[PDB]
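Here the structure comes first, spelled out in structure tokens, and everything after it is commentary.
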Amino acid sequence: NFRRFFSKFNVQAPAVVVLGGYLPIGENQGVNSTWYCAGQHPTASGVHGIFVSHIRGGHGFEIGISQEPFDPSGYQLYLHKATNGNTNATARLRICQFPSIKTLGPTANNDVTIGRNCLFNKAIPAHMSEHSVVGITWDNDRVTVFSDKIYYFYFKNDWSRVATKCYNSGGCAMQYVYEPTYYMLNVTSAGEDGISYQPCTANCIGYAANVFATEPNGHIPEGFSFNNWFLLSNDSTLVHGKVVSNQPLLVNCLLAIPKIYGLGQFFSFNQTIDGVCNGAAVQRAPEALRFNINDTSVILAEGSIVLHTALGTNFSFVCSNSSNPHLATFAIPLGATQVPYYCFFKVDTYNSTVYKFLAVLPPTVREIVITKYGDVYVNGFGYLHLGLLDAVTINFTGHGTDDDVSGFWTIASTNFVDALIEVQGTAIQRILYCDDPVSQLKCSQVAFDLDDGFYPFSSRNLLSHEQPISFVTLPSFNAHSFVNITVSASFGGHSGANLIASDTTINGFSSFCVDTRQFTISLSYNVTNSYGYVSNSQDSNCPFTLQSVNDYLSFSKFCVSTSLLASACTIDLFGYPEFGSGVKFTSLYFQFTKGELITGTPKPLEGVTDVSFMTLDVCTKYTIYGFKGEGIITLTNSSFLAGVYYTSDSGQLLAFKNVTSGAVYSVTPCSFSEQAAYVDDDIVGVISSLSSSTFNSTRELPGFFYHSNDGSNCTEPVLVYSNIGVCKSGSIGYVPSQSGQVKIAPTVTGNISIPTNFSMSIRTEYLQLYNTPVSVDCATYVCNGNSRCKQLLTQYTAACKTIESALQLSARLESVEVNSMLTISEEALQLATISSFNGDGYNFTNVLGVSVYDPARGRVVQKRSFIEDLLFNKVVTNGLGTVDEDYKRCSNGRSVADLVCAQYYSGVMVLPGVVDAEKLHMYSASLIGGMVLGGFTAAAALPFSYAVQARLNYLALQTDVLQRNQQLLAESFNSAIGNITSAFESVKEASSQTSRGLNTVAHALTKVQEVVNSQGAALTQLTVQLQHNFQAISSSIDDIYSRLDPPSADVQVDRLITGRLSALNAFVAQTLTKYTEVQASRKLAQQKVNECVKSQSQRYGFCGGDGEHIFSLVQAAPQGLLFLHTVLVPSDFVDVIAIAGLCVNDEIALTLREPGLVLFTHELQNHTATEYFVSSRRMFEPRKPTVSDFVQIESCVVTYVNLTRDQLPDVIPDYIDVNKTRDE
Ligand SMILES: *[C@@H]1O[C@H](CO)[C@@H](O[C@@H]2O[C@H](CO)[C@@H](O[C@@H]3O[C@H](CO[C@H]4O[C@H](CO)[C@@H](O)[C@H](O)[C@@H]4O)[C@@H](O)[C@H](O[C@H]4O[C@H](CO)[C@@H](O)[C@H](O)[C@@H]4O)[C@@H]3O)[C@H](O)[C@H]2NC(C)=O)[C@H](O)[C@H]1NC(C)=O
Ligand SMILES: *[C@@H]1O[C@H](CO[C@@H]2O[C@@H](C)[C@@H](O)[C@@H](O)[C@@H]2O)[C@@H](O[C@@H]2O[C@H](CO)[C@@H](O[C@@H]3O[C@H](CO)[C@@H](O)[C@H](O)[C@@H]3O)[C@H](O)[C@H]2NC(C)=O)[C@H](O)[C@H]1NC(C)=O
Ligand SMILES: *[C@@H]1O[C@H](CO[C@@H]2O[C@@H](C)[C@@H](O)[C@@H](O)[C@@H]2O)[C@@H](O[C@@H]2O[C@H](CO)[C@@H](O[C@@H]3O[C@H](CO)[C@@H](O)[C@H](O)[C@@H]3O)[C@H](O)[C@H]2NC(C)=O)[C@H](O)[C@H]1NC(C)=O
Ligand SMILES: *[C@@H]1O[C@H](CO)[C@@H](O[C@@H]2O[C@H](CO)[C@@H](O[C@@H]3O[C@H](CO)[C@@H](O)[C@H](O)[C@@H]3O)[C@H](O)[C@H]2NC(C)=O)[C@H](O)[C@H]1NC(C)=O
Ligand SMILES: *[C@@H]1O[C@H](CO)[C@@H](O[C@@H]2O[C@H](CO)[C@@H](O[C@@H]3O[C@H](CO)[C@@H](O)[C@H](O)[C@@H]3O)[C@H](O)[C@H]2NC(C)=O)[C@H](O)[C@H]1NC(C)=O
Ligand SMILES: *[C@@H]1O[C@H](CO)[C@@H](O[C@@H]2O[C@H](CO)[C@@H](O[C@@H]3O[C@H](CO)[C@@H](O)[C@H](O)[C@@H]3O)[C@H](O)[C@H]2NC(C)=O)[C@H](O)[C@H]1NC(C)=O
Ligand SMILES: *[C@@H]1O[C@H](CO)[C@@H](O[C@@H]2O[C@H](CO)[C@@H](O[C@@H]3O[C@H](CO)[C@@H](O)[C@H](O)[C@@H]3O)[C@H](O)[C@H]2NC(C)=O)[C@H](O)[C@H]1NC(C)=O
Ligand SMILES: *[C@@H]1O[C@H](CO)[C@@H](O[C@@H]2O[C@H](CO)[C@@H](O)[C@H](O)[C@H]2NC(C)=O)[C@H](O)[C@H]1NC(C)=O
Ligand SMILES: *[C@@H]1O[C@H](CO)[C@@H](O[C@@H]2O[C@H](CO)[C@@H](O)[C@H](O)[C@H]2NC(C)=O)[C@H](O)[C@H]1NC(C)=O
Ligand SMILES: *[C@@H]1O[C@H](CO[C@@H]2O[C@@H](C)[C@@H](O)[C@@H](O)[C@@H]2O)[C@@H](O)[C@H](O)[C@H]1NC(C)=O
Ligand SMILES: *[C@@H]1O[C@H](CO[C@@H]2O[C@@H](C)[C@@H](O)[C@@H](O)[C@@H]2O)[C@@H](O)[C@H](O)[C@H]1NC(C)=O
Ligand SMILES: *[C@@H]1O[C@H](CO)[C@@H](O)[C@H](O)[C@H]1NC(C)=O
Ligand SMILES: *[C@@H]1O[C@H](CO)[C@@H](O)[C@H](O)[C@H]1NC(C)=O
Ligand SMILES: *[C@@H]1O[C@H](CO)[C@@H](O)[C@H](O)[C@H]1NC(C)=O
Ligand SMILES: *[C@@H]1O[C@H](CO)[C@@H](O)[C@H](O)[C@H]1NC(C)=O
Ligand SMILES: *[C@@H]1O[C@H](CO)[C@@H](O)[C@H](O)[C@H]1NC(C)=O
Ligand SMILES: *[C@@H]1O[C@H](CO)[C@@H](O)[C@H](O)[C@H]1NC(C)=O
Ligand SMILES: *[C@@H]1O[C@H](CO)[C@@H](O)[C@H](O)[C@H]1NC(C)=O
């Protein structure tokens, strides 16, 4: 049955969980089984658990558990009930130094007397249902009993041996357990019903949400919940954001432990921890092991956590509901998580036993992490610090037995690692380790996903620095002198707060001047306190400290005087006795000038007449003629005769001369900047000045080297930059010069070509219309609401006023421009829906938007088009425009503020966009319906084919309008619309974006993405400036005004006011640039819609590239319009012989009136019958000539066709001969 047994694990009804431990192992499934169910009385060894599965009315039952060594000193368990009284059948149990009953019997053959020493020899009730299961499990000196509840007892034992007496019950009555098993409870209802257990295999462990399988490299597998893995923090916890921090998240081993079992284990920071790691174990000694639990009752037991320091000191962890270990008793009379618990560490050594206070235990402890270097965290807060730990012991107490096996409580052997952390709601949700060079680049910025582009990357340096030290100065006769400066004082007096004497001498004198080239300071303290020790501190008001002068500092002169000296910087020495007199010693005055005459040394340098020493062609830390730096020194062929050390015009050291031999050595940095080509979420290529790197292929561009994994040429550049383009596979190649559409220049005669077989193509263009109006409160942003700071701010006059003035002026101008810009006609809107609009052959389904009666307050809603859905949802980070937060609830203050309120509390308020996406979509639909609105009323809803025909006739008169003539154009338009939709649907899939560049969908969507990102990026960059401390005491103005007196505080706060105001001014400057840029785009859109959408354009190439523009339609876009310019492109050209004009009988010249009209001979009758046709020069539309198309000219030319009055009517059928007709 087993329903009741798993029902004893109190679990919520609709939850599915994973079981573990020494559970009953299934009647038949697996090897398992082997229920005895008969009085055979078997014997086994190494058993870790036994069970009884069926109570057939209360049959007899006997248990004998002992040690395999058969020791007499150990405790033996023997449970005996040879009774069938059910309720009265109270089972006899004797946990004693007890008869190790070998086979069977109340006493039987054994050793040890019955009652030599007993811990429990009472009677226990043993009545339960037939399907009830009772069992006992022992492991790690912990014993668990399943008698109607999951009991738990700590008991030092070794119970690998068991002997039983059995009575038959249903064929499966009692059993042993040797190894842990698992189960899957698909619970659906409370009680014994709706449980639906099933057997298991090693795959169930990963199914638990709070445990994971460690990757072989030690990283957390993706998708982990991080339910309780709080990020560690010494001072404060971030509530929402992204942080790159050094945290112990690189786990070596994860020990999933069932909640019903406690853990007693020795953990050392010097050895790989034991236990069965769920994932791929790493044989590395932990430095930070993280414990995950469910309830505080596990830890509250005294001595649960014992920390052993490297010195051997032990810290016993004690929790109690009192406060004074020294003056109160900590024997706990309370439990069940009642009242706050005050937890301490009891220092245990036979010198002095003191208690160190951790913190008030929170009402719910979920993760405690203990690391070496002496640091312990509770719920992600570093309450207490210690010295270097080396070992930790854990003595836990199972769980609360009221909700168990809801997975496992786990402990993780982790190592510190710098990882990018995404946290929202003060809880982790995803992580990214900063080890992979791609991951290193990602952690260089703060982002998990990076758009395609070139990102700066630093050349990898030597991981082991081991840098030799270089030091070069002028040659001179070597000479070293020690300057010691001995200070003599006697402090303390009475009670340690008095003084007696104080004096100092410099080499036995009150003043000294260094004459030898080398010198080394060595301060000595001849100070004695009558009360104890003297604490010494050193001041500094010089470019150097006493410890720093020995670091190869160079001077022309260096004189030290204990008294005031002219032009001498001051350094003071402070002496602190045990009780803190706080007085200072004599001030040290250092008069010095820059030069190479003398140099401080840490030790008298070797060498004769020259002390310089340096290492060639190795990344080294150098001090060259006072120029401290790190770089590579290489001998070069330069022969600069003058000078000693050479520097660029910017003051950077370039090369220095050996002077002794005349050789010069160039100084270059150890590492050089590199550009990493990051496309398709991977590093595919690196632009570097180095000749080689960790890539199998390397191509040398004229200006730089390029390393990648693909040496082939790149012909389809996914990403372009400067003169080069990079493919998605890492290939590099020059961008080919795309050949544009050919345009035929008009001419009066000779061979010409008339384009034909026109097919239309849609070219997409996006133009931004407006920006989100941002109004920042300058006063509250700068002063942070501090009244006393506003008085100082007022001294800056209009610097604060002009910011908001310009911001509001720009916002109002943009608002009024776009408001007067958007004109909407309701009649056009009527014809803009699928039911009304009728595109015969033209598929406008992807372009039009449906309209339904909205139940929301009745007002009808017109859903935006499918293309608009694709453009908005897939790009907008918030999904919808209504997500823009409102400030009505922002001042409530009853909930923790989010990012919007965080920036609003600093005076930054974001006004809603001037026009909603709904209004923009209705405007686009209005334009689409108006391009087919043939009359002032709705009764003139022309079919789109008629509008297309009219627009075709506008640019070239159609002489043969057949059905297929429009059908081919309609088919081409439908195909191009399908291509556009496929391109919008997804990137580089279902629509090959190999055709990429300007006037394409990819460029438009990249522009939309950058537009929607820049507005947030600027605001975040503004808000982060508040964190900066502009060389003041602190970033908090009230903190400054509290630490300092009013005079100095005003000076200090003025530093940040200038810093914040300059940062605020920088934001305005970039927004005005954005406003200026968007104004030009908006002005073009007004020109674009009038000259392309509301009417076809005679301007060549204005509406979406070259070709004959037939029409264009507009779709709503984020903060702008997406123009879809439909343009005709020819597929073939007809070659005909143009005619300049006609001259009949050499007496009347006759030429074409229309400049954009040609006359030619075509087809079979071009030369066999000499037939003449006229047509537009834009499209091939042959038409017989008419007298209205011809004009008379006073004179002829040679190029004109030579005809006679009889032949002319053949050329011009409409011509009539007045003389011939009248004379008949
Ligand atoms: C809360 O505040 C506590 C301080 O009370 C911080 O504790 C520090 O934790 C860091 C680790 O995050 C400790 O840094 C480690 O120091 C070890 C020993 O330091 C000696 O050796 C280094 C290197 O030679 C010397 O520079 C140093 O002066 C000491 O002489 C190092 O061995 C560790 O090396 C690890 O990092 C390096 C990279 O730097 C890796 O290459 C190594 O492989 C290794 O992984 C490490 O540098 C620091 O000592 C702790 N300080 C104290 C006083 O204990 C907590 O980190 C802080 N917590 C938070 C969340 O802020
Ligand atoms: C865990 O339990 C859930 C809940 O279902 C309940 O518990 C099961 C153990 C059974 O005893 C169910 O009778 C009981 O309602 C299981 O979800 C259930 O899965 C089954 C398929 O295995 C669903 O049956 C099908 O459902 C589809 C869609 O409704 C129908 O078209 C089919 O004709 C067929 O009926 C069943 O609907 C579904 N329960 C509910 C409430 O939707 C679940 O499979 C089980 N195991 C795991 C691993 O979760
Ligand atoms: C038709 O088109 C023009 C029109 O000329 C007219 O028709 C001719 C048949 C003659 O009867 C012309 O007298 C008449 O105006 C013809 O173009 C003509 O081409 C000839 C040469 O092929 C030109 O003569 C030249 O004149 C220059 C001096 O200007 C001399 O130096 C040359 O040696 C040569 O003789 C003549 O000027 C020119 N006419 C005009 C008006 O430019 C054309 O040849 C004729 N036939 C065809 C097939 O087009
Ligand atoms: C690990 O933790 C367990 C759980 O607290 C510790 O067991 C506890 O040890 C104390 C000290 O002996 C026991 O107190 C004594 O109990 C006996 C009855 O057994 C009583 O007669 C004494 O007067 C005294 O109160 C306590 O009962 C016992 N808890 C349990 C559940 O058995 C254990 O000592 C810890 N071990 C280490 C190494 O830290
Ligand atoms: C220990 O883990 C369990 C789950 O893994 C959690 O404790 C349990 O929390 C649930 C609700 O979160 C409690 O459910 C309640 O049960 C009562 C009894 O029927 C019911 O009337 C309520 O409506 C509610 O459903 C459940 O009792 C509780 N189990 C306990 C406390 O044993 C929690 O994550 C951890 N417990 C603690 C105290 O932190
Ligand atoms: C700058 O150029 C000078 C001159 O070329 C370099 O001086 C050279 O230094 C080396 C090492 O000190 C001298 O080697 C000699 O070796 C003998 C035998 O072991 C030893 O007895 C000498 O005391 C000396 O060490 C070398 O003669 C000397 N060159 C001279 C004097 O012309 C110098 O190393 C170069 N670099 C710097 C940073 O000064
Ligand atoms: C004009 O464009 C519309 C765009 O909606 C075309 O209508 C849709 O055409 C597809 C052809 O693949 C139909 O097939 C499939 O339908 C399933 C279920 O609706 C859908 O999940 C697929 O993604 C795919 O769309 C689709 O049923 C049909 N109707 C829709 C999407 O509502 C139409 O065929 C084009 N040509 C005309 C109207 O002549
Ligand atoms: C701190 O605790 C450790 C162990 O908890 C003590 O080390 C034990 O010392 C006894 C000495 O009689 C040995 O028999 C044990 O084997 C040691 N245990 C371990 C794990 O090594 C240590 O003495 C304690 N130190 C103080 C100052 O209390
Ligand atoms: C270009 O114009 C010439 C005359 O202006 C056309 O005449 C061709 O002239 C060549 C030269 O001998 C002959 O071989 C061809 O047979 C002529 N073609 C015709 C149709 O008369 C020529 O056809 C025009 N087109 C091209 C491509 O040259
Ligand atoms: C402590 O560890 C020293 C280093 O050896 C290794 O240490 C860690 C990194 C693990 O890899 C461990 O398995 C190795 O032993 C030892 O030299 C030293 O003896 C160790 N000390 C003690 C007391 O075990
Ligand atoms: C800690 O909590 C105790 C509550 O326990 C109750 O009182 C004791 C005396 C026993 O009778 C026990 O059975 C009860 O449940 C308080 O009595 C005690 O004062 C608290 N500690 C402090 C310092 O206030
Ligand atoms: C237990 O013993 C009492 C006393 O004789 C009796 O009345 C009762 O029925 C017994 N119960 C069972 C379950 O045997
Ligand atoms: C410290 O100065 C006192 C003052 O004369 C002197 O007697 C004593 O010897 C000095 N001690 C040292 C270590 O210099
Ligand atoms: C300075 O102290 C050093 C030892 O630190 C000693 O060798 C040297 O002789 C002392 N010089 C003087 C002038 O006291
Ligand atoms: C210096 O001259 C040598 C010999 O002519 C030559 O091998 C070397 O490449 C030259 N180096 C530079 C930097 O000019
Ligand atoms: C790749 O480009 C280079 C530079 O133009 C050219 O020499 C080479 O032939 C190209 N590769 C192939 C396979 O044509
Ligand atoms: C291209 O135009 C020529 C001449 O007008 C015509 O014969 C041919 O069929 C056209 N091509 C197609 C694919 O219709
Ligand atoms: C994409 O374009 C090709 C050629 O222009 C066309 O055959 C295909 O039908 C288009 N795809 C869609 C979905 O219209």
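Just remember, in the structure tokens the first chain shown is A, the second B, etc., residues are 1-based per chain, and ligands are 1-based in the order shown.
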
Any idea what's packed within 12 Å of residue 879 in chain A, counting only C-alpha atoms, ignoring anything in its chain fewer than 6 positions away? Could you give it as a PyMOL selection string?
chain A and resi 869-873+1012+1118

Write a file of the just-selected residues containing N, CA and C atoms, as a short mmCIF file (atom, residue, chain, number, x, y, z; two decimals), in the first residue's frame.
```cif
data_model
loop_
_atom_site.label_atom_id
_atom_site.label_comp_id
_atom_site.auth_asym_id
_atom_site.auth_seq_id
_atom_site.Cartn_x
_atom_site.Cartn_y
_atom_site.Cartn_z
N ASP A 869 2.82 44.68 -34.64
CA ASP A 869 3.04 43.76 -33.53
C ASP A 869 4.47 43.25 -33.52
N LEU A 870 4.97 42.82 -34.68
CA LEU A 870 6.33 42.31 -34.75
C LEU A 870 7.34 43.39 -34.38
N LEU A 871 7.14 44.61 -34.87
CA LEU A 871 8.10 45.68 -34.62
C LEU A 871 8.08 46.12 -33.16
N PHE A 872 6.91 46.10 -32.52
CA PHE A 872 6.81 46.60 -31.15
C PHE A 872 7.20 45.54 -30.13
N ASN A 873 6.54 44.38 -30.17
CA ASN A 873 6.71 43.39 -29.11
C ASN A 873 8.14 42.85 -29.05
N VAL A 1012 15.51 53.02 -28.66
CA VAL A 1012 14.85 52.67 -27.41
C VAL A 1012 15.85 52.39 -26.29
N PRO A 1118 8.10 52.20 -32.91
CA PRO A 1118 8.42 52.83 -31.63
C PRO A 1118 9.03 54.22 -31.79
#
```

Contacts of chain A with ligand 3 up to 7 Å, shortest pair per row, only C-alpha atoms and all ligand atoms, as a tab-separated table:
```
residue	atom	partner	partner_atom_place_in_ligand_line	distance
A:1146	CA	ligand 3	6 (C)	5.3
A:1196	CA	ligand 3	41 (C)	5.4
A:1197	CA	ligand 3	42 (O)	4.5
A:1198	CA	ligand 3	42 (O)	3.4
A:1199	CA	ligand 3	2 (O)	6.5
A:1200	CA	ligand 3	2 (O)	5.6
A:1201	CA	ligand 3	49 (O)	5.4
A:1202	CA	ligand 3	1 (C)	3.9
```

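If you count only C-alpha atoms and ignore residues fewer than 5 places along the chain from range 598-604 of chain A, what sits within 9 Å of it is residues 473, 479, 480, 481, 514, 515, 516, 517, 518, 519, 520, 521, 548, 549, 550, 551, 552, 553, 554, 555, 556, 557 and 558 of chain A.
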
With C-alpha atoms retained, write the just-selected residues as a CSV table (one decimal), in the first residue's frame.
```csv
chain,number,residue,atom,x,y,z
A,473,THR,CA,69.7,57.4,-13.3
A,479,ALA,CA,78.2,57.0,-2.3
A,480,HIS,CA,75.6,56.0,0.3
A,481,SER,CA,74.7,57.5,3.7
A,514,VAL,CA,72.1,64.6,2.2
A,515,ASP,CA,75.4,64.8,0.2
A,516,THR,CA,76.0,61.2,-0.9
A,517,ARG,CA,74.2,60.0,-4.0
A,518,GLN,CA,72.3,57.2,-2.3
A,519,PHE,CA,70.5,57.5,1.0
A,520,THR,CA,68.1,55.4,3.0
A,521,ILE,CA,65.8,56.5,5.8
A,548,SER,CA,58.3,55.7,0.0
A,549,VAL,CA,61.6,57.8,-0.1
A,550,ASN,CA,63.5,54.5,-0.2
A,551,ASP,CA,61.5,53.5,-3.4
A,552,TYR,CA,64.0,55.1,-5.7
A,553,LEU,CA,62.7,58.6,-5.3
A,554,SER,CA,65.1,61.1,-7.0
A,555,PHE,CA,65.9,64.7,-5.9
A,556,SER,CA,68.4,67.4,-6.7
A,557,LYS,CA,68.7,68.3,-3.0
A,558,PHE,CA,67.2,66.8,0.1
```

* Could you tell me, as number ranges by chain, which residues of range 750-786 of chain A DSSP assigns to helix (DSSP H, G or I) when given the backbone? => A: 778-783

* Selection: 9 Å around range 239-245 of chain A, only C-alpha atoms, excl. self and same-chain fewer than 5 positions, as a ChimeraX atom specification -> /A:417-427,434,443,446-447,896,898-899

| field | One-decimal distance in Å that lies between atom 28 (C, counted along the ligand's line) of ligand 6 and CA of residue 662 in chain A | value |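 One can read the CA of residue 662 in chain A to atom 28 (C, counted along the ligand's line) of ligand 6 distance as 12.1 Å.
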
Could you pull out the residues sitting within 9 Å of ligand 9, using only C-alpha atoms and all ligand atoms, and write them as a PyMOL selection string?
chain A and resi 750-752+1135-1137+1167

With N, CA and C atoms retained, write the just-selected residues as a short mmCIF file (atom, residue, chain, number, x, y, z; two decimals), in the first residue's frame.
```cif
data_model
loop_
_atom_site.label_atom_id
_atom_site.label_comp_id
_atom_site.auth_asym_id
_atom_site.auth_seq_id
_atom_site.Cartn_x
_atom_site.Cartn_y
_atom_site.Cartn_z
N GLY A 750 19.86 58.00 -81.89
CA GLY A 750 20.76 56.89 -81.68
C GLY A 750 20.14 55.77 -80.87
N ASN A 751 20.97 54.78 -80.56
CA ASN A 751 20.52 53.64 -79.77
C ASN A 751 20.12 54.09 -78.37
N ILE A 752 18.95 53.61 -77.92
CA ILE A 752 18.45 53.86 -76.58
C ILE A 752 17.90 52.55 -76.02
N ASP A 1135 15.70 47.66 -76.70
CA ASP A 1135 16.63 48.48 -77.47
C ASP A 1135 15.95 48.91 -78.77
N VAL A 1136 15.72 50.21 -78.91
CA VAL A 1136 15.08 50.78 -80.09
C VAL A 1136 15.92 51.95 -80.58
N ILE A 1137 15.72 52.29 -81.85
CA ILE A 1137 16.47 53.36 -82.50
C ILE A 1137 15.64 54.64 -82.39
N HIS A 1167 12.34 47.94 -89.77
CA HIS A 1167 13.07 48.13 -91.02
C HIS A 1167 12.40 47.51 -92.23
#
```

message: To one decimal place in Å, what is the distance between CA of residue 734 in chain A and CA of residue 717 in chain A?
response: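 Atom-to-atom, CA of residue 734 in chain A to CA of residue 717 in chain A, that is 8.7 Å.
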
> Can I get the residues close to ligand 5 as an NGL selection string, where close means within 6 Å and we count only C-alpha atoms and all ligand atoms?
Replying inline: :A and (294-295 or 364 or 402-403 or 406)

Test item: residues at most 7 Å from residue 534 in chain A, only C-alpha atoms, excluding those fewer than 3 positions along its chain, as a PyMOL selection string
chain A and resi 528-529+575-578

### Message
List the spatial neighbours of residue 1177 in chain A as a list in words - criterion: any atom at most 9 Å away, only C-alpha atoms, same-chain residues fewer than 2 positions off excluded.
### Response
residues 744, 746, 753, 754, 755, 956, 1156, 1157, 1158, 1175, 1179, 1180 and 1181 of chain A

How about saving the chosen residues, N, CA and C atoms kept, as a PDB file, in the first residue's frame?
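Output (out_14.pdb):
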```
ATOM      1  N   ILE A 744      18.749  55.194 -67.456  1.00  0.00           N
ATOM      2  CA  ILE A 744      19.048  55.542 -68.841  1.00  0.00           C
ATOM      3  C   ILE A 744      18.987  57.056 -68.996  1.00  0.00           C
ATOM      4  N   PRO A 746      18.476  60.425 -70.952  1.00  0.00           N
ATOM      5  CA  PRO A 746      17.728  60.770 -72.163  1.00  0.00           C
ATOM      6  C   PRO A 746      18.642  61.277 -73.265  1.00  0.00           C
ATOM      7  N   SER A 753      17.549  52.574 -74.742  1.00  0.00           N
ATOM      8  CA  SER A 753      16.960  51.424 -74.074  1.00  0.00           C
ATOM      9  C   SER A 753      15.796  51.892 -73.218  1.00  0.00           C
ATOM     10  N   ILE A 754      14.635  51.285 -73.422  1.00  0.00           N
ATOM     11  CA  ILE A 754      13.424  51.595 -72.670  1.00  0.00           C
ATOM     12  C   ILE A 754      13.199  50.472 -71.664  1.00  0.00           C
ATOM     13  N   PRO A 755      13.211  50.754 -70.364  1.00  0.00           N
ATOM     14  CA  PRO A 755      12.987  49.692 -69.378  1.00  0.00           C
ATOM     15  C   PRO A 755      11.586  49.113 -69.489  1.00  0.00           C
ATOM     16  N   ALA A 956       3.804  57.217 -66.520  1.00  0.00           N
ATOM     17  CA  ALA A 956       3.901  56.741 -67.898  1.00  0.00           C
ATOM     18  C   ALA A 956       2.528  56.259 -68.330  1.00  0.00           C
ATOM     19  N   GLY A1156       9.762  64.230 -72.511  1.00  0.00           N
ATOM     20  CA  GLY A1156       9.845  62.900 -71.940  1.00  0.00           C
ATOM     21  C   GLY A1156       9.165  61.844 -72.785  1.00  0.00           C
ATOM     22  N   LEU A1157       9.150  62.052 -74.097  1.00  0.00           N
ATOM     23  CA  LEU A1157       8.511  61.140 -75.035  1.00  0.00           C
ATOM     24  C   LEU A1157       9.482  60.854 -76.170  1.00  0.00           C
ATOM     25  N   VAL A1158       9.554  59.596 -76.590  1.00  0.00           N
ATOM     26  CA  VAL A1158      10.483  59.183 -77.631  1.00  0.00           C
ATOM     27  C   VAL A1158       9.701  58.754 -78.863  1.00  0.00           C
ATOM     28  N   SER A1175       6.420  56.433 -77.172  1.00  0.00           N
ATOM     29  CA  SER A1175       6.280  55.870 -75.838  1.00  0.00           C
ATOM     30  C   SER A1175       6.997  56.770 -74.848  1.00  0.00           C
ATOM     31  N   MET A1179       8.762  54.044 -69.136  1.00  0.00           N
ATOM     32  CA  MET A1179       8.285  52.682 -69.328  1.00  0.00           C
ATOM     33  C   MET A1179       8.033  52.444 -70.807  1.00  0.00           C
ATOM     34  N   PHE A1180       8.132  51.183 -71.215  1.00  0.00           N
ATOM     35  CA  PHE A1180       7.906  50.808 -72.609  1.00  0.00           C
ATOM     36  C   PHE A1180       6.410  50.642 -72.833  1.00  0.00           C
ATOM     37  N   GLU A1181       5.770  51.688 -73.347  1.00  0.00           N
ATOM     38  CA  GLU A1181       4.342  51.680 -73.656  1.00  0.00           C
ATOM     39  C   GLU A1181       4.167  52.188 -75.079  1.00  0.00           C
TER      40      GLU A1181
END
```

Given only C-alpha atoms and all ligand atoms, how would the per-residue table for chain A near ligand 12 read, listing every residue at most 7 Å away with its closest atom pair and distance in Å to one decimal, sorted by chain and number, as a Markdown table?
```
| residue | atom | partner | partner_atom_place_in_ligand_line | distance |
| --- | --- | --- | --- | --- |
| A:85 | CA | ligand 12 | 14 (O) | 4.4 |
| A:86 | CA | ligand 12 | 13 (C) | 5.1 |
| A:87 | CA | ligand 12 | 13 (C) | 4.6 |
| A:88 | CA | ligand 12 | 1 (C) | 4.9 |
```

Please list as a count of residues only every residue within 10 Å of residue 141 in chain A, counting only C-alpha atoms and excluding residues in the same chain fewer than 2 positions away.
13

Residue 302 in chain A proximity check over A:922, A:174, A:238, A:394, using only C-alpha atoms: winner is A:394
